[PDB]
Amino acid sequence: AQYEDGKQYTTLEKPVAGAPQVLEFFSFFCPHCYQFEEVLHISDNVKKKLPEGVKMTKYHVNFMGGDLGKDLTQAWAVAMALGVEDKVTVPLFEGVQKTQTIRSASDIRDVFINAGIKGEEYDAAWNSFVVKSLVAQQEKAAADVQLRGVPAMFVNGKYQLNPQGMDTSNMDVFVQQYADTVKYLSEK
């Protein structure tokens, strides 16, 4: 077949019920994640090939960058609650991996301030139980799927994208294959 289990994707022997349709995991410490966001725009290109009625989920993980890694998972919960993902994603990535100006929770907070989120609004969110339960969801989803590596994408709690089995000569060709694979799995 053109798409084969173990080739462009793998199947979870233990499927996850009630899972988000398209579920993506990343870390701001994760070097291929940076590429996925800044150079390849994976999330965006996947969305462009997905149908009507398909919701797209993206979660941060704790297992990279220790203490700061956890702060980043909470900050991402803040971003989701405030709906400001598209304003902080790039400066967080560049702050961690490019300029290395993010070293503390306060530096994460500075990125949100500079993007125009108000201090009071950020700190209230940060400390809210809505953000607590949002952190819990992120952890639980990663737990539900045995997640030990990022970047990772899961379709309907049953299929896991496998980019290792796609051609990387041409970046654009890689992205299309990736997105087309998500579409195929989506329809499966």
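Every residue, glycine among them, receives a Cβ derived from its backbone with ideal geometry; neighbour counts consider all protein chains shown. Readers should treat all values here as calculations from the given coordinates under stated rules, not as data from a laboratory.
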* Cβ-placed point charges (K, R +1; D, E -1), dipole of the chain about Cα centre in debye, nearest 20 -> 340 debye
* Asked: Could you give the length gained on full extension between residue 49 and residue 10, defined as 0.36 nm per residue of separation minus the Cα-Cα distance, in nm?
  -> 12.0 nm
* Return the calculated 222 nm mean residue ellipticity for the chain, to the nearest 500 deg cm²/dmol, obtained by summing -39500 (n - 2.57) across DSSP H runs with n ≥ 4 and dividing by the residue count. => -15500 deg cm²/dmol
* Based on the Cβ-Cβ distance from residue 133 to residue 169, what FRET efficiency comes out when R0 is 41 Å, to the nearest 0.05? -> 0.40
* **In Hz, Karplus ³J(HN,Hα) per residue of segment 28-41 (6.51, -1.76, 1.60; θ = phi - 60°; x = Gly, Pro)** => 6, 8, 8, x, 6, 5, 4, 4, 4, 7, 8, 9, 9, 6
* To do: Please grab the % of Cα pairs in the chain that end up more than 22 Å from each other.
  => 47 percent
* To do: Work out how much length residue 56 to residue 104 would gain on full extension: take 0.36 nm times their residue separation and subtract the Cα-Cα distance, in nm to one decimal.
  => 14.4 nm
* For each of 37, 121, count neighbouring Cβ atoms within 10 Å of the residue's Cβ, then give the residues from fewest to most. => 121, 37
